[PDB]
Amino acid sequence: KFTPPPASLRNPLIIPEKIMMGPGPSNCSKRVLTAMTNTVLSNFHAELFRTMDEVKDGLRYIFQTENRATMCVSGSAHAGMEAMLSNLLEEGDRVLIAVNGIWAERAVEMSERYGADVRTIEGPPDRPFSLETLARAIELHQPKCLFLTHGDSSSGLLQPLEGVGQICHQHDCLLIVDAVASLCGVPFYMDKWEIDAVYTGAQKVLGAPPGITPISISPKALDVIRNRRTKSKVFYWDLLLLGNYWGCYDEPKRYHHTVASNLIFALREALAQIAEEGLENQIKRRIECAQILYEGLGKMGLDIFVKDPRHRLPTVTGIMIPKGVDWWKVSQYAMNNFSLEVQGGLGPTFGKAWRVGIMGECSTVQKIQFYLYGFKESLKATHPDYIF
């Protein structure tokens, strides 16, 4: 006999529809969602490998790379960060991290745990790092790797990347980039920009379900991994082993770990959607949507965390809480009345701003208009003395 089953599992599962307009996760399309519904395949099934290959092709397209070592880590976007750090750094290696958001702080935490010698350079959360600042810091610290956040979803800040790789390469340094919140939202060119290691998030701009993380490393980064003195700490995302199963190398595929079939089907479909519309058009649609958002916020008298428009990530915008305002009072009204997701702050924006994402299925003019409408109605009903 067994201690009895829980009563909480007697009710049916009910998950409401929501208008997911925070900085992640985004709304997935019906097509992407129903893809998860296919048969879970065995590790060496031909149709799994074929889907995996289509994903790598899709990934090379969105990263704009020809990297053969393009694959996925079986984890959320944190695991992509974890993988770059555990594979590219040995104990004692110097890593330079430019820190002006929460993701870089996570990267510091991870590099420490992996026993790297962590060199940081601080900056304001609302202004990027200059080529000069970075060049200087690289010269000084002579790091094996530089980590940069491309689009920062804790602030709404976009980091220019042109020229950075070149400098890194001048100094025997790998450039690793976190493109989780930026990819498919603004131009990105892994190869043109000399980037050695990049990852995105499924559940951000792509509108894919979370849990699997697209990744790409350059032949240079790859050769650095092949030549390490010691095994990397984590078998699960050892990129030699994982790349082998993904068919990235001139080697027969060996069982490594069971991949999330269903998440792969969905990622594939999300990649097809962007391939069908085209990168340029998606980026342009998201840029327009940002503009409509900025205008509408202006008319309400609301300020934007990243003040200079030149510096703004289109896909995530911090809306500053005005003085008298309870942010959570607005957000809950939004959800209860409009099923609208009005997300709060994180890191730099914690307690200071709400965060609006333009990602996945809400990257339309109509969606942005509805957001502005529901946000306004929500602030209005909730703080009747606010003046627009």
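Counting begins at 1, following the sequence as shown.
Two stretches are in play, 291 to 299 and 196 to 204, and the higher mean C-alpha B-factor belongs to 291 to 299.
The question of which stretch, 139 to 147 or 236 to 244, has the higher mean Cα B factor is settled in favour of 139 to 147. In the PDB entry, the Cα temperature factor peaks, among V180, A83, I121, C184, at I121. Note on the listed residues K30, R50, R355, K329: the highest Cα temperature factor in the record is that of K329.
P128 sits in the highest third of its chain by CA B factor, as recorded in the PDB entry. Ranked against the other modelled residues of its chain, the C-alpha B-factor of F44 as given in the entry falls in the middle third.
Sort the modelled residues of the chain by CA B factor and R60 lands in the lowest third. Per the PDB record, residue ranking by Cα B-factor puts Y249 in the middle third of the chain. When all modelled residues of the chain are sorted by CA temperature factor, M71 is found within the lowest third.
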